Structure formats: structure tokens, C-alpha cells
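Chemist: Got work-v6.pdb for you, PDB, C-alpha atoms:
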ATOM      1  CA  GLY A   1       9.388   8.059 -35.723  1.00  0.00           C
ATOM      2  CA  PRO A   2       6.999   5.819 -33.716  1.00  0.00           C
ATOM      3  CA  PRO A   3       6.112   6.595 -30.137  1.00  0.00           C
ATOM      4  CA  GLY A   4       8.453   5.219 -27.606  1.00  0.00           C
ATOM      5  CA  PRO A   5       7.717   2.331 -25.227  1.00  0.00           C
ATOM      6  CA  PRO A   6       5.634   2.680 -22.141  1.00  0.00           C
ATOM      7  CA  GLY A   7       7.271   4.125 -19.114  1.00  0.00           C
ATOM      8  CA  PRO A   8       8.388   2.174 -16.008  1.00  0.00           C
ATOM      9  CA  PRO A   9       5.824   1.000 -13.492  1.00  0.00           C
ATOM     10  CA  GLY A  10       5.122   3.467 -10.730  1.00  0.00           C
ATOM     11  CA  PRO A  11       6.263   3.212  -7.095  1.00  0.00           C
ATOM     12  CA  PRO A  12       4.547   1.097  -4.550  1.00  0.00           C
ATOM     13  CA  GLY A  13       1.606   2.615  -2.800  1.00  0.00           C
ATOM     14  CA  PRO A  14       1.684   3.890   0.865  1.00  0.00           C
ATOM     15  CA  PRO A  15       1.209   1.622   3.820  1.00  0.00           C
ATOM     16  CA  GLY A  16      -2.281   0.498   4.656  1.00  0.00           C
ATOM     17  CA  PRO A  17      -4.269   1.775   7.656  1.00  0.00           C
ATOM     18  CA  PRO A  18      -3.623   0.557  11.155  1.00  0.00           C
ATOM     19  CA  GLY A  19      -5.278  -2.630  12.150  1.00  0.00           C
ATOM     20  CA  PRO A  20      -8.395  -2.885  14.384  1.00  0.00           C
ATOM     21  CA  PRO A  21      -8.309  -2.845  18.149  1.00  0.00           C
ATOM     22  CA  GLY A  22      -7.441  -6.082  19.807  1.00  0.00           C
ATOM     23  CA  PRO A  23     -10.031  -8.250  21.617  1.00  0.00           C
ATOM     24  CA  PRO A  24     -10.987  -7.584  25.191  1.00  0.00           C
ATOM     25  CA  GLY A  25      -8.644  -8.902  27.770  1.00  0.00           C
ATOM     26  CA  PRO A  26      -9.141 -11.890  30.137  1.00  0.00           C
ATOM     27  CA  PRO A  27     -11.426 -11.568  33.056  1.00  0.00           C
TER      28      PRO A  27
ATOM     29  CA  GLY B   1      12.698   9.120 -37.463  1.00  0.00           C
ATOM     30  CA  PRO B   2      13.989   6.997 -34.539  1.00  0.00           C
ATOM     31  CA  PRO B   3      11.588   5.663 -32.030  1.00  0.00           C
ATOM     32  CA  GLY B   4      10.697   8.039 -29.269  1.00  0.00           C
ATOM     33  CA  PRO B   5      11.967   7.787 -25.685  1.00  0.00           C
ATOM     34  CA  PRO B   6      10.119   5.873 -23.030  1.00  0.00           C
ATOM     35  CA  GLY B   7       7.256   7.451 -21.257  1.00  0.00           C
ATOM     36  CA  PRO B   8       7.180   8.726 -17.684  1.00  0.00           C
ATOM     37  CA  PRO B   9       6.786   6.495 -14.724  1.00  0.00           C
ATOM     38  CA  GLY B  10       3.390   5.222 -13.785  1.00  0.00           C
ATOM     39  CA  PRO B  11       1.352   6.481 -10.836  1.00  0.00           C
ATOM     40  CA  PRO B  12       2.111   5.266  -7.349  1.00  0.00           C
ATOM     41  CA  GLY B  13       0.349   2.099  -6.390  1.00  0.00           C
ATOM     42  CA  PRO B  14      -2.783   1.922  -4.182  1.00  0.00           C
ATOM     43  CA  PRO B  15      -2.565   1.916  -0.387  1.00  0.00           C
ATOM     44  CA  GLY B  16      -1.848  -1.440   1.153  1.00  0.00           C
ATOM     45  CA  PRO B  17      -4.371  -3.492   3.210  1.00  0.00           C
ATOM     46  CA  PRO B  18      -5.138  -2.900   6.816  1.00  0.00           C
ATOM     47  CA  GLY B  19      -2.766  -4.187   9.383  1.00  0.00           C
ATOM     48  CA  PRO B  20      -3.461  -7.162  11.701  1.00  0.00           C
ATOM     49  CA  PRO B  21      -5.541  -6.820  14.780  1.00  0.00           C
ATOM     50  CA  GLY B  22      -4.076  -5.311  17.845  1.00  0.00           C
ATOM     51  CA  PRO B  23      -3.019  -7.555  20.718  1.00  0.00           C
ATOM     52  CA  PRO B  24      -5.425  -8.528  23.418  1.00  0.00           C
ATOM     53  CA  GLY B  25      -6.215  -6.055  26.107  1.00  0.00           C
ATOM     54  CA  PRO B  26      -5.011  -6.242  29.830  1.00  0.00           C
ATOM     55  CA  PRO B  27      -6.540  -8.747  32.228  1.00  0.00           C
ATOM     56  CA  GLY B  28      -8.830  -7.464  34.836  1.00  0.00           C
TER      57      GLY B  28
ATOM     58  CA  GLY C   1       8.815   9.973 -32.288  1.00  0.00           C
ATOM     59  CA  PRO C   2       7.032  11.455 -29.257  1.00  0.00           C
ATOM     60  CA  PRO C   3       7.605   9.979 -25.892  1.00  0.00           C
ATOM     61  CA  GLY C   4       5.813   6.930 -24.907  1.00  0.00           C
ATOM     62  CA  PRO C   5       2.826   6.647 -22.694  1.00  0.00           C
ATOM     63  CA  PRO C   6       3.043   6.578 -19.025  1.00  0.00           C
ATOM     64  CA  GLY C   7       3.875   3.373 -17.275  1.00  0.00           C
ATOM     65  CA  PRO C   8       1.343   1.337 -15.154  1.00  0.00           C
ATOM     66  CA  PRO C   9       0.565   1.858 -11.532  1.00  0.00           C
ATOM     67  CA  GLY C  10       2.885   0.527  -9.016  1.00  0.00           C
ATOM     68  CA  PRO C  11       2.191  -2.367  -6.701  1.00  0.00           C
ATOM     69  CA  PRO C  12       0.056  -2.076  -3.633  1.00  0.00           C
ATOM     70  CA  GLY C  13       1.697  -0.652  -0.615  1.00  0.00           C
ATOM     71  CA  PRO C  14       2.707  -2.633   2.489  1.00  0.00           C
ATOM     72  CA  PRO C  15       0.126  -3.747   5.003  1.00  0.00           C
ATOM     73  CA  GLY C  16      -0.596  -1.278   7.775  1.00  0.00           C
ATOM     74  CA  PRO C  17       0.677  -1.537  11.359  1.00  0.00           C
ATOM     75  CA  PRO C  18      -1.045  -3.582  13.959  1.00  0.00           C
ATOM     76  CA  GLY C  19      -4.006  -2.183  15.744  1.00  0.00           C
ATOM     77  CA  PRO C  20      -3.840  -0.878  19.372  1.00  0.00           C
ATOM     78  CA  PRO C  21      -4.315  -3.126  22.345  1.00  0.00           C
ATOM     79  CA  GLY C  22      -7.834  -4.139  23.117  1.00  0.00           C
ATOM     80  CA  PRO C  23     -10.026  -2.964  26.092  1.00  0.00           C
ATOM     81  CA  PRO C  24      -9.473  -4.166  29.605  1.00  0.00           C
ATOM     82  CA  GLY C  25     -11.057  -7.377  30.638  1.00  0.00           C
ATOM     83  CA  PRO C  26     -14.211  -7.607  32.836  1.00  0.00           C
TER      84      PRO C  26
END
For the file at hand, write its structure as C-alpha cells.
Modeler:
Amino acid sequence: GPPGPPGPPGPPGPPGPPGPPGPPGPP
Amino acid sequence: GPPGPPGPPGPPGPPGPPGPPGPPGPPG
Amino acid sequence: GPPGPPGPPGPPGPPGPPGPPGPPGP
């Protein structure tokens, strides 16, 4: 018989890296 | 012969994008 | 028939957490 259909999509990827430091504070 | 069963799941996705910037720092 | 091919990659993950607070002011 023919090959079956493609499998399900995979799981989402892991969270991205933390964001960059904030800007310097007020005087 | 019947069709075969579905394949295995795909690979996990790619990491997400970086997060937003941190908050501003303390005064002075 | 043999099993099918693997599925496609998943979606991108969630965005990361916010960054740390910035440096003290001058």
C-alpha cells in the first residue's frame, strides 16, 4: 500500500531569550 | 495494501524572539 | 504501506521575558 500521510506538526519551540537591559534611569 | 499510518510528529519549533527591553533603571 | 514522513516543525516559541532593570541614573 502507499505511504501514509505526513505526521502532525511538531510542538512549539521554547521561549526566546530574555530581553535587553532597560535604559538608564533619570538623573 | 491499505495506505500506511501517518508519520511521526515534526520537530519542535524554533526558539521564540527576544523579550522586550527591561524597565528603566532607578533615579539617582 | 510504510508509515508516512515526519510532520513539519512546530511554530516558533513564545517571546522571551523582559530584560532586567536598567542602570542607575547619573
Chemist: Kindly assemble as JSON lines a list of the chain C residues that lie within 9 Å of stretch 11-27 of chain A, each paired with its nearest atom pair and their distance in Å to one decimal, using all atoms listed in the file, sorted first by chain and then by ascending residue number.
Modeler:
{"residue": "C:9", "atom": "CA", "partner": "A:11", "partner_atom": "CA", "distance": 7.3}
{"residue": "C:10", "atom": "CA", "partner": "A:11", "partner_atom": "CA", "distance": 4.7}
{"residue": "C:11", "atom": "CA", "partner": "A:12", "partner_atom": "CA", "distance": 4.7}
{"residue": "C:12", "atom": "CA", "partner": "A:13", "partner_atom": "CA", "distance": 5.0}
{"residue": "C:13", "atom": "CA", "partner": "A:13", "partner_atom": "CA", "distance": 3.9}
{"residue": "C:14", "atom": "CA", "partner": "A:15", "partner_atom": "CA", "distance": 4.7}
{"residue": "C:15", "atom": "CA", "partner": "A:16", "partner_atom": "CA", "distance": 4.9}
{"residue": "C:16", "atom": "CA", "partner": "A:16", "partner_atom": "CA", "distance": 4.0}
{"residue": "C:17", "atom": "CA", "partner": "A:18", "partner_atom": "CA", "distance": 4.8}
{"residue": "C:18", "atom": "CA", "partner": "A:19", "partner_atom": "CA", "distance": 4.7}
{"residue": "C:19", "atom": "CA", "partner": "A:19", "partner_atom": "CA", "distance": 3.8}
{"residue": "C:20", "atom": "CA", "partner": "A:21", "partner_atom": "CA", "distance": 5.0}
{"residue": "C:21", "atom": "CA", "partner": "A:22", "partner_atom": "CA", "distance": 5.0}
{"residue": "C:22", "atom": "CA", "partner": "A:22", "partner_atom": "CA", "distance": 3.9}
{"residue": "C:23", "atom": "CA", "partner": "A:24", "partner_atom": "CA", "distance": 4.8}
{"residue": "C:24", "atom": "CA", "partner": "A:25", "partner_atom": "CA", "distance": 5.1}
{"residue": "C:25", "atom": "CA", "partner": "A:25", "partner_atom": "CA", "distance": 4.0}
{"residue": "C:26", "atom": "CA", "partner": "A:27", "partner_atom": "CA", "distance": 4.8}
Chemist: May I ask for the distance between atom CA of residue C:1 and atom CA of residue A:9, given in Å to one decimal place?
Modeler: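 It comes out at 21.0 Å.
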Chemist: Evaluate the PyMOL selection byres ((chain A and resi 6) around 8) against this structure - the residues, as a ChimeraX atom specification, please.
Modeler: /A:4-5,7-8 /B:6-8 /C:4-7
Chemist: Identify all residues satisfying the PyMOL selection byres ((chain B and resi 2) around 10) in the given file; provide them as a list in words.
Modeler: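 Taken on the displayed file, the PyMOL selection byres ((chain B and resi 2) around 10) yields the residues residues 1, 2, 3 and 4 of chain A; 1, 3, 4 and 5 of chain B; 1 and 2 of chain C.
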